[PDB]
Amino acid sequence: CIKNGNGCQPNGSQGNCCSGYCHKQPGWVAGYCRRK
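The deposited coordinates derive from solution NMR.

And the structure:
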């Protein structure tokens, strides 16, 4: 969990990262976490 290299929003099933911040662009399938 956490960091720009971990699953967070693969298919929008209420995606949420422990950090409390994520990142998903309208292109890639699975959105990864984000710290800042």
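What am I meant to see in the overall build of the protein here?
Regarding its fold elements, the protein presents 0 helices and 3 strands. The linear arrangement of helices and strands in the protein, starting from the amino end, is β-β-β. Along the three orthogonal principal directions, the C-alpha set of the protein runs to about 20 × 15 × 10 Å. The proportion of buried residues among the 36 residues of the protein is 17%. Excluding contacts between residues fewer than 6 apart, the proportion of contacts in the protein whose partners are at least 24 apart in sequence is 29%. Within the structure as shown, the protein displays about 2,700 Å² of accessible surface, and the carbon and sulfur contribution to it stands at 47%.

What exactly am I supposed to notice about the environment of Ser-19 here?
One can find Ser-19 in the loop between β1 (7–9) and β2 (22–23). Exposure remark for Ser-19: the relative accessible area of 34% places this residue in the partly exposed category. Contacts of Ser-19, omitting those with residues within four sequence positions, involve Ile-2 and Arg-34. Polar side-chain contacts of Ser-19 include one of 3.2 Å to the backbone oxygen of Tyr-21.

Explain the state of the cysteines to me, please; I cannot follow it from the model alone.
In protein chemistry, a disulfide is the covalent bond that joins the sulfur atoms of two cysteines. Here the structure, examined in full by the defined rule, presents 3 disulfides. In this model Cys-1 forms its disulfide with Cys-18; the gap between the sulfur atoms is 2.0 Å. Handedness here is read from the sign of the S-S torsion; for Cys-1 and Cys-18, about 115°, the answer is right-handed. Within this pair, whereas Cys-1 is found in the segment before β1, its partner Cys-18 is found in the loop between β1 and β2, the two being separated by 17 residues in sequence. Among the residues examined, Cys-1 registers a relative accessible area of 46% and is labelled partly exposed.

Calculation rules
- Residues numbered from 1 in each chain as written, not as in the entry; some residues may be left out.
- Heavy atoms only, no water.
- Helix = DSSP H or I, 4+ residues; strand = E, 2+ residues; numbered from the N terminus.
- Buried < 20%, exposed > 50% of the residue type's maximum accessible area, 1.4 Å probe, protein only.
- Contact = heavy atoms within 4.5 Å.
- Areas by Shrake-Rupley, 256 points an atom, 1.4 Å probe, with all protein chains shown as cover.
- Polar contact = N/O pair within 3.5 Å; in protein donor to acceptor, adjacent residues only side chain to side chain.
- Disulfide = S-S within 2.5 Å.

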